[PDB]
């Protein structure tokens, strides 16, 4: 009877497939029919069309990873006015446009990981670094990058951010851009790619142009990144239990459907996971707080290498 919609940025990417599977698995254990559906490409119109669709069908809850902070707001607010529980995972909208943000960590946390991974691989205070992710308008990544760039200028002033280009979650376009940066910048020391499509594309671009001495860190799935790690192209990268993330999003949504207290400070017990807690929106850097509105932070983030890459199954 209760239907929950789980919308990714796009389909075909291993990151969203894992999260969607963990969501449907969670819904099945709760007796909830979770419908996993997303556009073939990350666009505003793509998700809005779907959001409006699940609303008209009368879905009870919709969990969405936004491709734009304010792009989905008119459709999300329409849903809540009809009683549709709106939650966000991975990528957030505006805090007033949703209810809960199932976040994998604060921008300071994930922004620290990107810099720490880079500093450990470059091992010199004077170098040239380049950023390379999906889109300049996406929410989650731009929040990380801004905190990352701020952290770099404070902790590594000798580092020169020479460029910042995009791939738009396209495996083809990401490869072209990655090669272009590598060609145009022969003095490049490191590439920071906080994107599941950008990170393996950068590693591939390094191997295609046979460029060594190049630190390549970022955020992607161990499934895709595995060949590049074994060959030594990527010594270190990071992510999180995305399967668990999709699992939490459903459980939290279920707590809203069953009228449980989920204000800032309250907790919730999840089987096989433990204790999650509603953190304030200030953790993301937001100036917005409300009753029944907060951020659920993931318990643990993971650093991947050649030692523990076969440990996680998504």
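Numbering follows the first chain given and starts at 1.
For the pair 120 to 128 and 135 to 143, the mean B factor over Cα atoms is greater in 120 to 128. Averaged over CA atoms, B-factors in the entry run higher in 302 to 310 than in the other of 302 to 310 and 289 to 297.
Remark: residue 249 belongs to the lowest third of its chain, ranked by C-alpha B-factor as recorded. Sort the chain's modelled residues by C-alpha temperature factor and residue 30 lands in the middle third, per the entry. Split the chain's modelled residues into thirds by C-alpha temperature factor. Residue 222 is in the middle one. Residue 42 sits in the middle third of its chain by CA B factor, as recorded in the PDB entry.
When all modelled residues of the chain are sorted by CA temperature factor, residue 155 is found within the middle third.
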